[PDB]
Ligand SMILES: Nc1nc2c(ncn2[C@@H]2O[C@H](COP(=O)(O)OP(=O)(O)OP(=O)(O)O)[C@@H](O)[C@H]2O)c(=O)[nH]1
Ligand SMILES: Nc1ncnc2c1ncn2[C@@H]1O[C@H](COP(=O)(O)OP(=O)(O)CP(=O)(O)O)[C@@H](O)[C@H]1O
Ligand SMILES: Nc1nc2c(ncn2[C@@H]2O[C@H](COP(=O)(O)OP(=O)(O)O)[C@@H](O)[C@H]2O)c(=O)[nH]1
Ligand SMILES: [Ca+2]
Ligand SMILES: [Mg+2]
Ligand SMILES: [Mg+2]
Ligand SMILES: [Mg+2]
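Residue numbers (the entry's author numbering), protein chains in the order written: chain E, 6 to 28, 44 to 74; chain A, 1 to 437; chain F, 1 to 103, 126 to 150, 160 to 247, 252 to 362, 372 to 380; chain B, 2 to 428.
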């Protein structure tokens, strides 16, 4: 019913119609998580090469 | 004027990006070589289209966009594509081997090797900006790169651009064109890690796009090209307010303001109409009332769900073509008495409307017919949570047996991150329910 | 070969349906967590409607309408009728009722309650259980149990069956298929009282409440305190010179259709990716002037032992086999 | 993404040569190494298996291995014998006498370093090596013993690469010696630990198919290898031609292997055909789908109804209705959903390739990870135990330095593998 904030221009127009009223981690922490995960990969690869060495 | 940078990650992101930037060019009258005859401010300017294009002294208009994929196959087709001259090399970043449908491999292993390079290539674009608003990120949920590398990028952007807004365009996994069984894992994982770093995210379920193409375009077995040309039309409707003169959604911050009252619940549902086949010999053009009414048909939504059994927090109507406010208000009044539209008590029951007189552009040779008026509705309804429910159920079935988990643990990810991600999703589903019932 | 799943074991109605389906040799039952089903006989609580209709290559159907609980919950039925224009707020076939919360429209109820007092009208009401003529006798009871109840005007002048001078209520079974056709089962049942109706003392609730549960003078006049339509019709003809159709059933058909058409746009699965049907149990009440009143709607009704075979077979024919065809009718179509 | 191919022993080289023969024809490569095809689809991913040489000549990235020169001399004089890089012929003179120990510990240990020098030379030419595929039998000495030795040493030097194998299982119906169950059990132990993907090619199944279905009264190894080469072509189609699904060895592994040890696949194929016997009638898509799933078409003598599918990869080849394919693929799953584990949603994936194989207008190749595969290992274990309980024929092995304990461990690990497969069949 109530049309408001009507704005017009050559390209078009915009408006709002109401029907009814109402009723971060740091750079440090990121690299640490990425490098910690890289070590877990290194440990796993080492255990394998150890196993293969046996 | 404030600039926007578009980031395209993984196959899905890149190929959707190509569809969109192709469409953008046709809408602004930019040619494949980057020349824009209508632009009379040679070598620069601060027009509304400059939000997405920078300019060179030679009069070339280049996308403020970076393409990134951990495998060269897809971006190589950009480098040699019809719009090869549009972009320049440092915008197109490729690795050697991909993430193999593995989030952990995309985030931790291979992601660590290329994150610094990508940020540097992004920083170069940001340096050419007088007022950077933020970023539009295109990616899949299911891919290893789209999921894994994206979340890492979004984390760093929040550090390197803390004040800037970040919007997502995300492809939700659909078995009909899926390429991996573990895509539910990747989806939950990338959502959990990206959630606090995203201000607004537009989800597109490939299932919905697939069936629209089959049902309305009479394409028996849609290709990615079919899906993407349809998606770009939606994306174009959403971003048109950033690239054209107007007073609705003029910057990124306004997307959050108008569509996202609660930060975590930042996944608006998109509904688009009309989708008409080009090969359709005889077509009766649809009215403002008919296309507006179609916005409340589930068969036209980007995510199949039932908004009748949820609550609205916000609702925007974005028209393109022959449309005036009078016909819209008449349409809304009629629809309101016929359909079930419940807003949350702490929100006004209303609609923000935007009209652009330019009717939607269609790619020559495409599947879409030209129309005299089209509309895209952006509604923040709790009903979209049905998609989180489907996804988490599949996640629970596989994780109960720890199936495929060893692929992730073998890349340096802890098993605990699976359950941390899943509990974050459990909280998200509960949020939607508190608000919605 | 169609497939289905069972997620409500306590359902006597659909226990019989799953039986019949298997006995066709064209339906195969799967495990409860198998997603590759055609038909879902779902649970009563938190039925995952959101996971339906997302299986490529499968037409899916469920035996419940999402959103139909607004009709089948007492607090909701009152709110629905009062707020819906199609049922106004001056709806003539629903007893005056109010939504009351433990410590809402309590003040509004008193603006009705005391209105009767000063106006010298009947003042017996019912809490949903406590039949009383004093308000605070009721308001004290609802706050004592725990959660929300409904206060409703008690029909002090019910139709009374002779022999016995007894009270009764009518149960009608209604099936709504996927096309939102409204089918009324031709066989209904009168769940009667056996101890004569006592107008003065309300607290002994054996003659006031006609639930098949409570009264088990049982089996005196009727086998099971259940009078079917052929007998009730014959009684109406002999004792009142009218029929069941004219005096009662027209009102029943009218009330059923009005209720379900009010909520059609909110629950219809016409253009949905999955489909719904559902069996309802409408409970009606007849006063001495042969005026039918709606009491409630049951979303998960049980049937009567005689009628299980016929009704359950009926469900397969028009609700299931209509969607999934295989290699005179017992329903009345309430047209619209 | 280059793949390095290795073929070891008599069987390994005989199917390996047949494999290069078949796919060379599909990629339009003649025995000279010259391309003579009419479609560009043929060359788009030909780098996966072929190295590019002078005069635009294509040379297989293949390494031929044996402890005797007999079979490899037959390869070099065979049809496509000249296409292979002569330096990649690495052979001893002593043979392995169908003895795992000789291949793994003595005779083969003497030769293995020479082989790894060639592997290394090939690997450094690769822009991005994705991994290795080995062809061999498990019933002999070289392919079984030295092949698994090679695998172990390749994993040591390339621990982040995918190891894939085509492993021919022994069968009494097609048997060279009594000690094949010994050789096979020792090999399976190695494979469980050191490969990501193993195609179980059962000589029992290959025999039965030839006899029961193809009506070949007395099948030869040549007949058996018709089926193997047809299967090998199909399971590598997604790697050799452009596509989005299972295009590299790692993505296949991630989609097919929910648990690291359970990576032994049942290959299937349709239509089944004998050599020379010309087929005139092209199968409909429903027919291809039904047959490729039937036990009679499985290359591993296991009843898939005795187990459950963890994962499935299917590849249809030829000109056909991709809509009909998806319909039929969905029908199989929806009609027999019990034989697919419910705790891996959407575990069946399908690819389609326009190029059919030679002689057929269309075909379907099946790759199943079923728990029913345990029947294969149980069968080997029973034959193993029958002899081992009496320590029969063990002197052939103790004579090369092996101890009885090593047999006991191998036996125990294969029985563990069996029980693991059984664990998920009742989940
Ligand atoms: N709509 C649409 N979806 C796509 C497209 N390409 C891939 N997808 C979807 O994305 C998911 C797979 O993610 P991809 O983007 O292909 O993989 P990626 O991002 O490259 O990650 P990796 O390949 O594992 O390194 C699947 O669900 C696909 O259906 C596309 O062009 N359009
Ligand atoms: N307003 C009213 N006036 C007179 N009698 C009433 C009444 N409301 C209910 N009754 C009587 O009380 C009984 C209570 O049944 P209600 O349907 O209210 O609860 P229920 O849901 O536990 C029984 P069912 O589900 O089997 O119908 C009715 O069958 C009817 O006989
Ligand atoms: N399918 C097939 N199997 C073979 C062939 N040659 C040998 N075998 C099988 O492999 C086992 C013998 O191993 P073999 O390859 O001859 O031993 P190796 O030369 O020392 O590696 C037995 O189980 C045979 O049935 C062949 O050409 N084709
Ligand atoms: Ca300019
Ligand atoms: Mg990719
Ligand atoms: Mg009840
Ligand atoms: Mg031999």
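We treat Cβ as the ideally placed atom computed from N, Cα and C, and that holds for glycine.
Considering only C-alpha positions, which residue in the set A:127, A:23, A:374 and A:126 is nearest to residue 82 of chain A?
A:23
Given residue 49 of chain E as reference, the closest of A:337, A:1 and A:158 once Cα atoms are compared
A:158
Between which two residues does the alpha helix (DSSP H) carrying residue 455 of chain A extend?
Residue 455 of chain A is absent from the structure shown; chain A starts at 1 and stops at 437.
Quick one: give me the first and last residue of the alpha helix (DSSP H) that residue 213 of chain A is part of.
206 to 216
Hey, is residue 276 of chain F close to ligand 6, as in C-beta under 8 Å from one of its heavy atoms?
Between ligand 6 and the CB of residue 276 of chain F, the shortest heavy atom gap is not smaller than 8 Å.
Is the separation between the beta-carbon of residue 180 of chain A and that of residue 255 of chain B shorter than 9 Å?
yes
Exercise answer, beta-carbon shell around ligand 5 heavy atoms below 6 Å
A:10, A:11, A:71, A:98, A:143 and A:145
Assuming residue 54 of chain B is part of the alpha helix (DSSP H), what are its boundary residues?
Here residue 54 of chain B belongs to no alpha helix (DSSP H); instead the beta strand (DSSP E) covers 51 to 54.
Can you find a CB in chain F that lies within less than 9 Å of the CB of residue 424 of chain B?
no
Can you name the residues that DSSP bridges to residue 135 of chain B?
B:7 and B:166
Whole-angstrom Cβ separation of residue 238 of chain F and residue 228 of chain F, contact assumed at under 8 Å?
5 Å
Does the beta carbon of residue 431 of chain A come closer than 9 Å to any beta carbon on chain F?
no
Assuming residue 359 of chain B contacts residue 49 of chain B (C-beta within less than 8 Å), just tell me the rounded distance between them.
19 Å between Cβ atoms; not a contact.
Taking the beta carbon of residue 102 of chain F as the centre, do at least 16 other beta carbons fall within 10 Å, making it buried, or is it exposed?
exposed
Could you tell me whether any Cβ in chain E is nearer than 9 Å to the Cβ of residue 161 of chain B?
yes
Pick from B:369, B:326 and B:2 that is closest to residue 125 of chain B, judged by C-alpha positions:
B:2
Name the residues in the region 213 to 242 of chain A whose C-beta lies less than 9 Å from a C-beta of chain B; which are they?
Sequence-ordered contacts of the region 213 to 242 of chain A with chain B read 220, 221 and 224 [C-beta pairs closer than 9 Å].
Test item: CB-CB of residue 371 of chain B and residue 311 of chain B under 9 Å
Contact: yes.
Which ranges does the beta strand (DSSP E) cover as unbroken runs of at least 3 residues, wholly within the region 252 to 307 of chain A, from first to last along the chain?
269 to 273
Taking the alpha carbon of residue 240 of chain F as the point to measure from, which residue in F:187, F:194, F:173 and F:336 has its own alpha carbon closest?
F:187
Beta-carbon contacts of residue 199 of chain F that lie in its chain and below 7 Å, excluding the five residues immediately before and after:
For residue 199 of chain F, same chain residues with a beta-carbon under 7 Å away, outside a window of 5 residues either side, are 192, 221, 222, 223, 224 and 241 in chain order.
At a Cβ threshold of 9 Å, is residue 322 of chain B touching chain F?
Taking 9 Å as the threshold, the shortest C-beta distance from residue 322 of chain B to chain F does not fall below it.
Contained alpha helix (DSSP H) runs [length at least 4] in the region 160 to 218 of chain B, N- to C-terminal order
181 to 195 and 204 to 209
Tell me where the beta strand (DSSP E) around residue 1 of chain B begins and ends.
Summary: the structure shown does not reach residue 1 of chain B, with chain B confined to residues 2 through 428, and so no result is reported for it.
May I have the straight-line CA-CA distance separating residue 378 of chain F from residue 284 of chain F, to the nearest angstrom?
12 Å
Relative to the alpha-carbon of residue 315 of chain F, which residue among F:331, F:304 and F:300 has its alpha-carbon at the smallest distance?
F:331
At what residues does the alpha helix (DSSP H) containing residue 16 of chain A begin and finish?
10 to 28
Spatial distance of residue 73 of chain A from residue 10 of chain B (CA atoms)
37 Å
Using a cut-off of 7 Å between C-beta atoms, extract the partners of residue 51 of chain F located in chain A.
Neighbours of residue 51 of chain F on chain A, chain order: 389, 390 and 393.
Residue 383 of chain B versus residue 389 of chain B: straight-line alpha-carbon distance, rounded
If I take the Cα positions, the gap works out to 10 Å.
Closest by C-alpha distance to residue 29 of chain A, when choosing among A:53, A:246, A:87 and A:169
A:53
Buried/exposed call for residue 260 of chain F, threshold 16 Cβ in 10 Å
buried
Quick one: does residue 379 of chain F have its CB under 9 Å from some CB of chain A?
no
Opening and closing residue of the alpha helix (DSSP H) in which residue 154 of chain A lies:
150 to 160
With a CB to CB cut of under 7 Å and the five nearest residues on each side skipped, what residues in its chain are close to residue 321 of chain B?
286 and 363
DSSP-derived helix/strand/coil call for residue 21 of chain E:
strand
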